Amino acid sequence: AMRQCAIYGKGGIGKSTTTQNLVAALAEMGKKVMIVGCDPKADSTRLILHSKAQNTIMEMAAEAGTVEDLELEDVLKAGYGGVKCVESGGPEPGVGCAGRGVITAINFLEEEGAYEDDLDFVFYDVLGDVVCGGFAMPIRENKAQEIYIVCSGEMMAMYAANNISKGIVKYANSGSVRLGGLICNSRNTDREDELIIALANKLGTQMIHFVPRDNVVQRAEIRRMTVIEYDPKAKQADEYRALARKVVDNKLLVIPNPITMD
Amino acid sequence: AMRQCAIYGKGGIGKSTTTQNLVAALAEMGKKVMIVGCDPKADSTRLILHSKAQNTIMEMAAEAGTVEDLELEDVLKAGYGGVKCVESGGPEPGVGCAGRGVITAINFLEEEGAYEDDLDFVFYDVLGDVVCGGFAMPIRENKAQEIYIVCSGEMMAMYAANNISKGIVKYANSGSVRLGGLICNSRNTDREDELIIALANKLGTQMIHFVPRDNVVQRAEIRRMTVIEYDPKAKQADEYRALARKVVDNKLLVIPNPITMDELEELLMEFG
Amino acid sequence: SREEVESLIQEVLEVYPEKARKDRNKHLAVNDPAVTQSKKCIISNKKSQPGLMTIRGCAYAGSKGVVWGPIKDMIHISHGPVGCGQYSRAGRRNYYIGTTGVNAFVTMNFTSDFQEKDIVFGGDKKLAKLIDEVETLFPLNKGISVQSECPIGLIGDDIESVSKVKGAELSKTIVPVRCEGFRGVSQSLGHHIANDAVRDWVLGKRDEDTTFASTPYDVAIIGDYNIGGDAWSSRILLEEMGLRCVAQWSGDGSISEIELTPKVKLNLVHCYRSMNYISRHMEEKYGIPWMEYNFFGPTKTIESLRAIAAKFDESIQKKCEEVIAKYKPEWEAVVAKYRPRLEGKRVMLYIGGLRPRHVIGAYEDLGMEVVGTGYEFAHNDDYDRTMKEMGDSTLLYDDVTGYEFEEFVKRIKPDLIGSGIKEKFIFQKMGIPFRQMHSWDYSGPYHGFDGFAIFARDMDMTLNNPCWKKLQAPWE
Amino acid sequence: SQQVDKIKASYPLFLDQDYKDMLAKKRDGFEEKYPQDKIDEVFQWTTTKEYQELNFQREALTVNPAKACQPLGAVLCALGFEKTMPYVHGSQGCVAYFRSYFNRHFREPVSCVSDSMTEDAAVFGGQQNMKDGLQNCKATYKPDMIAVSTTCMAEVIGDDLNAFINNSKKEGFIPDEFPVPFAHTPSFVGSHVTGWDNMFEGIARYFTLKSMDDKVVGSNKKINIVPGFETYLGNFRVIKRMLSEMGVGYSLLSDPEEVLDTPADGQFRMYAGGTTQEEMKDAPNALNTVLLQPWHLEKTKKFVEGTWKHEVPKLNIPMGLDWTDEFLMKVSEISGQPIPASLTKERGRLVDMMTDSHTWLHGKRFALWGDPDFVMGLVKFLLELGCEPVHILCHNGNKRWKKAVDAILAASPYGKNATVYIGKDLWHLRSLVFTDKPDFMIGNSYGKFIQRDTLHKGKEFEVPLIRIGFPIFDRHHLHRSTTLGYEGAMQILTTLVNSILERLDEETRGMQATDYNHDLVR
Ligand SMILES: Nc1ncnc2c1ncn2[C@@H]1O[C@H](COP(=O)(O)OP(=O)(O)CP(=O)(O)O)[C@@H](O)[C@H]1O
Ligand SMILES: Nc1ncnc2c1ncn2[C@@H]1O[C@H](COP(=O)(O)OP(=O)(O)CP(=O)(O)O)[C@@H](O)[C@H]1O
Ligand code: ICS
Ligand code: CLF
Ligand code: SF4
Ligand SMILES: [Fe+2]
Ligand SMILES: [Mg+2]
Ligand SMILES: [Mg+2]
């Protein structure tokens, strides 16, 4: 009934963009989707909600005194297509502990029953460098069961996909959490789709889709919108629908096999 | 005086590369330099040492039992130009606490007298996202006094340059830490240099130097060395020398004024 | 016996998985008083094996509970969640004279009481605000320490900064202490972090000042925390001997005594483990010599009085021989009354870092034998001092496990055990007489001539109590 | 000096002239102590209304709190199950503290392990410590079950207990069927009562979550009893006695009464009695589940209503007459058993005691503190007696609980002068008993410091401490008492009316001044 997915990938690769554009298409297909942002900058739902969604979970808890005093009504809002949005929140750079903020928010959503409306998909958008246990909260047991790793043809992006896959293994062995595939967000490198297919093969997974580099994405972002909402007829808009259709039909869920760099 | 700088910037913008190349050129000028990696992966010193940086402080400490058992000699190595290299280390993704790894490591260097040399420069190469107090350890009192933010003409880098400044303000006030400038690592966006100069102005800083995107950097990277060493005659090798003298001769130190997400967008719109 | 004890060691160790076995084997030894390099016979100050019920505490207990907490006219903030500060509130009996809540604060629990928002957003703002409320509500406090608990060290709060800033704004010494509980392997590293902080933030305040009037008889008592008044009972002997005690660290201690310690001629170090750090530093920086002494029982005390008095002129030596002559009839009568009741009795000890060797003297003065002893957290230099004090083929244990200690006692069958509150009730149920050797079972002092009397009476009351013959029901 | 025939300990030894003289010299010479004049003026100031206003403006500083952190409760919970070892994943300092804390209250051994996470386990995670630790514990102390909780540091770094344990099993450190229930117990959330709730829920979920398919509610004909964080041995015993007395089949889930009261017979027993694993597995088959202390069993209640499908009754803690009555009728309603003549007579003997003592209890004013259910039970009983609670403090309380207690207070003429405080500590309470003096305090040992303070102002301002609660470290064997049911109510009534009479005799013991009212008959 309910599918929970977590999006990982190298810092700066396009996770929050790709995630939100997918969900837009998914909602446009008639799915009930929740997006859970797990980044202290709280930008993960910024394109589904135009302009603002002022209220992060940690913010409201800090103001309200404690997380226990906070009601579900305060932090969960709906945007384009009825997509439900909630943000973990956390501190500004260089102080406090953003990891614990994620643990607390995910624990809040569970305790308040946020997962049991009539939801088809839950998406956790996680930040790039996964520096601590807090940021693997979305891939614990009874959280996300599918992980998709955003990468590209350059050396650094792939290196990251592999290190995230190692971090997954301890959660995959002891649980049901599985890698769903690699999503290639193009950087226009040579023979790039073939290259990511090869990497996917060595891991034990597939490349679900090749997403072209198209500046409509950034132009829509500047408007606080998804490409789906900003320009439904564009070529990139059909790309996210294709990616969307494939995620619905994916059956491939593996424990990945990390490689040695040679 | 010894000058301490901390290098910040968006994930993937090219910090480690720019930092090591900047430092090689500094050593090439006859400066005595130390590099401190504050990233759980050990790649901050890999182009100076000619192989991966196998012995991070945390790894050596865990092996020896506790950091109290650890020797400075076991973690401090010298590479190209006599540059001193040390790595914090930390976990692989998703377990433990990389923040504490940095806090532990910096404290170790201080206790073992790592700064009590005649060093001319110390550079801290820091993680993309500054998610907690540990990753701001490099900018407390008696640590970095100069911050450089590596960015690009791309949206993500400038948003990040602005967000990091928010974090800087808190430490600038209780300490001597100052924003020194922006290093623009090109992504070939249109009118890229004008945009970073403009962004620099609204914050109160300069754009220190424009580093072009040059595939020679990646060729040297595959050879596990800096461009300064890989190709001393190259045009890019000259770009790093330029950046080096500008940081060396830099006197502009400000507390930045972060702008609003609106101003940042109207800026992108004004140039693109 | 030497071989029998070695056999006992190998049998006990048979229960452990191999990793824990190879390690616990390094921390149990059969003593040789001839050996002077303990590294050869035993190793200590390593991390505890997980899941084996060590009796060890953390760095914070070592720093706040032990070194800092006794200083009576400072306010010590337990910085972090509410537990640590609450389990240590008035648990250790470091006696002091004062008006609690007004000019003295030892039995009080000050904390920042972290909630979840303080973890995630960090607590420097709360800490700053906390220091303002303190200075409002306790205006006679003469300084503040900030004792970090586990999460302060993880998240990277900048308590040094808050201490320099708030301290300047208020002209108040504020000492930030990173005694995070996960640091080190035990209480021991907490001592060290506590001594370095004294050094860095307090000990130098009067380096330029020369107003204090100094005599050639000035000494400081270093490393006595005045348990049940131990230090007050020691201090009286030193002064009857004509010495003047400017400082006591840190039992009944004031922040001004600490600042005046650099003006003394000699440092008298009772607890070597917890304060040898600052003592070496004061010798290096101010030229002050230091020496270890033992005031447990008459023999050690008499020997210590003579050794200390020898560091001064003949007048102090004359007064030494006077003090001795005065208390001689008092400790001899104690012996005549209580030793016949204790002669030949065997005791096993397990304590922290000083007493497992230090009190052996007092037991022998009552005709008792120490058959086993060990420490929670000594270093090899403590075991260097230990082995000549123990008899041959006695058992030595380090960071002993609940299981190991349980089984050693089953075989060795001592008449008395002297250990801590966690040990107490296990061995009473076994029918074995037990004395607390941290808290002195809410009795004491045991230091000096006056303490020895309470010491003799406590060892006899307990060991010879009528309750110990009642453990078996007549019918089974 | 010591006279060998009469040795003096620290008191009164340090009252000898030579020690006193020596301490005078310490103070004058080196202490740089504020003049007595100033100390007395500062002291007096802290007893005023103006100091109280400042004191109640605090936002960041806590002084003398009246609570401890979550894992303390977890440990107590875990102790209540057969051959179970409490295991705290995180720093070992915590465990040393938890054991000492319970040792002192119970005057018993307290068994619990750590997995000794040091600095490298802080930055790398505690996966290894959890592997080696579970293996070492099982091998050495041989429990049937290991119940895992966390220190604050394991919580900051997000150590995934479920995964760490599953990998331990998968890799052969412990056998797969070896029961290892867990609960995240962060110290910077709630308090020690919250830790009990969290631990119980982990264990109950562990034994009943998979296998709800073959469960039928009511099929074992018994009533589940969940006591909560409880530290009076008599409290476990009295619930068990009243149910047996009614003929009710019952199952006490978490029962530490035996293991915390083992006999001194020549052997040490690390384990004794407690709730069996089979009892937990069978629990969903019970008629219903009664929570003794609902205000800290909210997480347990959701799992039991949601997973087991029990209509958990809305019952207050069974303290005092109304709520013991209410408990007994509802147990009667669920099980089919009428209330036996023996309990009915006991009820009337507590009523008889209330009638006998009412003239001395009437209008007496109390300040009190403790855990949420304890406090509200104690408040309800004080009102039934004709007493006036004045200061009601519950440091680990919440806004909803405070609302309920304010309603009970307002329903009675005797609550008109009472105010409830949540989030406030013993330094706050100290101000209250100086500015609005009650006759007595009812709280734990920490209250002796208040009593010392009130006395220093003057013998007419002294507010005596009545020791009921947790922890009690300065009296012996009060942990064997009872506070629940009729039996608890008789004990409390007797403790109260006799504190009142003990104090009155002290105030009337002055020869030819106050002793005209030193009556033989009261
Ligand atoms: N297919 C595409 N074509 C062109 N630009 C794209 C793109 N996908 C993403 N981008 C741009 O790249 C930038 C990064 O996108 P996004 O913010 O989603 O990355 P991310 O979430 O991986 C960074 P972090 O790890 O810090 O959360 C944005 O400016 C976005 O508009
Ligand atoms: N000026 C330039 N021209 C060409 N390639 C460059 C370059 N600067 C960096 N690169 C390449 O881009 C890749 C990323 O470099 P680098 O590792 O320094 O980025 P970074 O440190 O911000 C990533 P992280 O966030 O993981 O630390 C490297 O392959 C590097 O060789
Ligand atoms: S300080 Fe140490 S454990 Fe030297 S931490 Fe401990 S009041 Fe012990 S053996 Mo408790 S090194 Fe003091 C000690 Fe000895 S608390 Fe007391 S009794 S002489
Ligand atoms: S080693 Fe503290 S008791 Fe713990 S769960 Fe945190 S609040 Fe409770 Fe030492 S410093 Fe303290 S006592 Fe431990 S936590 Fe660390
Ligand atoms: S690394 Fe993760 S856990 Fe450790 S402090 Fe930073 S955010 Fe909190
Ligand atoms: Fe007992
Ligand atoms: Mg993102
Ligand atoms: Mg880098």
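Protein sequence lines correspond, in order, to chains A, B, C and D. Using the UniProt record's numbering, you'd call the opening residue of the first sequence number 2 and step up by one each time. Using the UniProt record's numbering, you'd call the opening residue of the second sequence number 2 and step up by one each time. Using the UniProt record's numbering, you'd call the opening residue of the third sequence number 5 and step up by one each time. Using the UniProt record's numbering, you'd call the opening residue of the fourth sequence number 2 and step up by one each time. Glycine included, every Cβ here is placed at the ideal spot set by N, Cα and C.
Restricting attention to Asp388/C, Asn468/C, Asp445/C, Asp403/C, the CA atom closest to the CA of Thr40/C is found in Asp388/C. Interface criterion not met: the Cβ of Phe201/D is under 9 Å from no Cβ in chain C. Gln146/B carries a coil assignment under DSSP once its states are collapsed to helix, strand and coil. Exposure of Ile260/A is indicated by the presence of fewer than 16 other C-beta atoms within 10 angstroms of its C-beta. By the rule of a C-beta closer than 5 Å to any heavy atom of ligand 8, the residues picked out are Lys16/B, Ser17/B. The alpha carbon of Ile169/B has as its nearest neighbour, out of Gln5/B, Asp263/B, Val255/B, the alpha carbon of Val255/B. At least one C-beta of chain B is nearer than 9 Å to the C-beta of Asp161/C.
For the stretch 59 to 90 of chain B, the residues whose beta carbon sits under 7 Å from a beta carbon of chain D are, in order, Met59, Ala62, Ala63, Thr67, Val68. The continuous stretches of alpha helix (DSSP H) do not include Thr420/D, which lies in the beta strand (DSSP E) extending over residues 420 to 423. Shown here, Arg4/B sits in a strand according to DSSP, grouped into three states. Judged by their CB atoms, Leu158/C and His274/C are not nearer to each other than the 9 Å cut-off. Placement of the Cβ of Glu222/A at a distance of less than 8 Å from at least one heavy atom of ligand 1 is found.
Nearest neighbour of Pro176/D by Cα position, chosen from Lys132/D, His457/D, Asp19/D, turns out to be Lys132/D. At least one beta carbon of chain C lies nearer than 9 Å to the beta carbon of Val96/A. Note on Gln55/B: under 16 other CB atoms within 10 angstroms of its CB, so exposed under the neighbour-count rule. Taking C-beta atoms as the reference points, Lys315/D and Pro295/D count as a pair closer than 9 Å. For the C-beta of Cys45/C, not a single chain D residue is nearer than 7 Å; the gap to the nearest is close to 24 Å. Excluding the 5 residues flanking it on each side, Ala382/C has same chain C-beta neighbours closer than 6 Å at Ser48, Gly357, in chain order. Exposed is the label assigned to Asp6/D, since fewer than 16 other Cβ atoms lie within 10 Å of its Cβ. Put simply, of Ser153/A, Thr105/A, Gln21/A, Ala201/A the residue whose alpha carbon is nearest the alpha carbon of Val68/A is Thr105/A. Within 10 angstroms of the beta-carbon of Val217/D lie fewer than 16 other beta-carbons, which makes it exposed. Linking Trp324/D to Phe471/D through their CA atoms gives a straight-line distance of about 22 Å. Of all residues in the stretch 26 to 46 of chain A, those with a C-beta nearer than 7 Å to a C-beta of chain B are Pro41, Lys42, reading in chain order. By the 16-neighbour rule on beta-carbons within 10 angstroms, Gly219/D is exposed. Exposure of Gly511/D is indicated by the presence of fewer than 16 other C-beta atoms within 10 angstroms of its C-beta. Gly12/A has a beta carbon lying at 9 Å or more from every beta carbon in chain C.
Among the CB atoms of chain C, one or more fall inside 9 Å of the CB of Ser175/B. Bounds of the alpha helix (DSSP H) holding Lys121/C are 120 to 125. Residues of chain A whose Cβ lies closer than 7 Å to the Cβ of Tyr172/B are, in chain order, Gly95.
Judged by DSSP secondary structure, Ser152/C falls within the beta strand (DSSP E) whose first and last residues are 148 to 152.
Under the DSSP assignment, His51/A falls outside any alpha helix (DSSP H); it carries neither an H nor an E label.
Three or more Cβ pairs closer than 8 Å define a contact, and the stretch 140 to 151 of chain B meets that threshold against the stretch 3 to 23 of chain B.
At a threshold of 8 Å, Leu358/C counts as near ligand 3, since its beta carbon sits closer than that to one of the ligand's heavy atoms. A distance of 9 Å or more separates the beta carbons of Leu77/A and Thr227/A. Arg310/C counts as exposed, since fewer than 16 other C-beta atoms from the protein chains shown sit within 10 angstroms of its C-beta.
Annotation: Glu193/A to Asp44/A spans about 28 Å, alpha carbon to alpha carbon.
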